[PDB]
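# Structural features, examined
Residues per chain, in single letters:
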Amino acid sequence: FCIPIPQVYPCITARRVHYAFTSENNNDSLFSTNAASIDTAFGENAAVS
Amino acid sequence: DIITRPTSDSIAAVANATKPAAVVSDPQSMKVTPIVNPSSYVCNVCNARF
């Protein structure tokens, strides 16, 4: 699988081509994103549950 | 039979002045791979590849 790295500022993203993606929510192993920064601007804004 | 009377110097200078590059390189280019793989070629009848 290919996943974009979450960014901390509003960026300009190039249009990308994707083909694969699952059918359920198999995302439980994700802990947090941009932990060291103040906020996630573009990517998946995951936070500690 | 053919001939070619060369164009005037003035208009040539103007034309050559305005010539943007037709192939510019930038990181955000919307890349798309070929639909059919150009590497291998398959015999459509006996499926022999080359």
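Our subject is the structure that appears above.
Below, the structure is looked at part by part. (Residues numbered from 1 in each chain as written, not as in the entry; some residues may be left out. Chains lettered and ligands numbered in written order. Part of a larger assembly, values for the part shown. Heavy atoms only, no water.)

Our focus in this paragraph is the overall build of chain B. Tallying secondary structure elements over chain B gives one helix and zero strands in all. Its C-alpha atoms give chain B principal-axis dimensions of about 60 × 45 × 10 Å. When the 50 residues of chain B are sorted by exposure, 0% land in the buried category. For chain B, the accessible area works out to roughly 5,300 Å², and carbon and sulfur atoms hold 61% of it. (Helix = DSSP H or I, 4+ residues; strand = E, 2+ residues; numbered from the N terminus. Buried < 20%, exposed > 50% of the residue type's maximum accessible area, 1.4 Å probe, protein only. Areas by Shrake-Rupley, 256 points an atom, 1.4 Å probe, with all protein chains shown as cover.)

Right, let's get into unusual backbone geometry. Residue and element names in this part refer to chain B. Phi at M30 takes a positive value of approximately 60 degrees, unusual for a residue other than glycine. With respect to the element layout, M30 can be found in the segment after helix 1 (9-17). Phi at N47 is positive, roughly 55 degrees, even though this residue is not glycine.

Below, the discussion takes up the interface of chain A and chain B. Each side of the interface is counted separately: chain A has four residues, and chain B has four residues. Summed over both partners, the interface of chain A with chain B buries about 350 Å², with 68% contributed by carbon and sulfur atoms. Of all residues in chain A, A14, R15 and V17 of chain A bury the most surface against chain B, accounting for 77% of the area lost on that side. For the pair chain A and chain B, the interface holds zero salt bridges. (Contact = heavy atoms within 4.5 Å. Buried area = accessible area lost by both parts, 1.4 Å probe. Salt bridge = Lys/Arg side-chain N within 4 Å of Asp/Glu carboxyl O.)

Attention now goes to the side chain of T40 of chain A. All names here are of chain A. Residue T40 is classed as buried on the basis of its relative accessible area, which comes to 7%. At a separation of 2.4 Å, a polar atom in the side chain of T40 contacts the side chain of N34. What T40 contacts, discounting residues up to four positions off in sequence, is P6, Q7, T33, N34 and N45. (Polar contact = N/O pair within 3.5 Å; in protein donor to acceptor, adjacent residues only side chain to side chain.)

Moving on, we come to the state of the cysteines. Summed over the entire model, instances satisfying the criterion amount to zero disulfides over all chains. Among the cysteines around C2 of chain A, which has no disulfide bond, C11 of chain A carries the closest sulfur, lying 17 Å off. Taking relative accessible area as the criterion, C2 of chain A reaches 65% and is therefore assigned exposed. The thiol sulfur of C43 of chain B is not disulfide-bonded, and the nearest other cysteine sulfur, from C46 of chain B, lies at 3.4 Å. The partly exposed category is assigned to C43 of chain B, whose relative accessible area is 23%. (Disulfide = S-S within 2.5 Å.)

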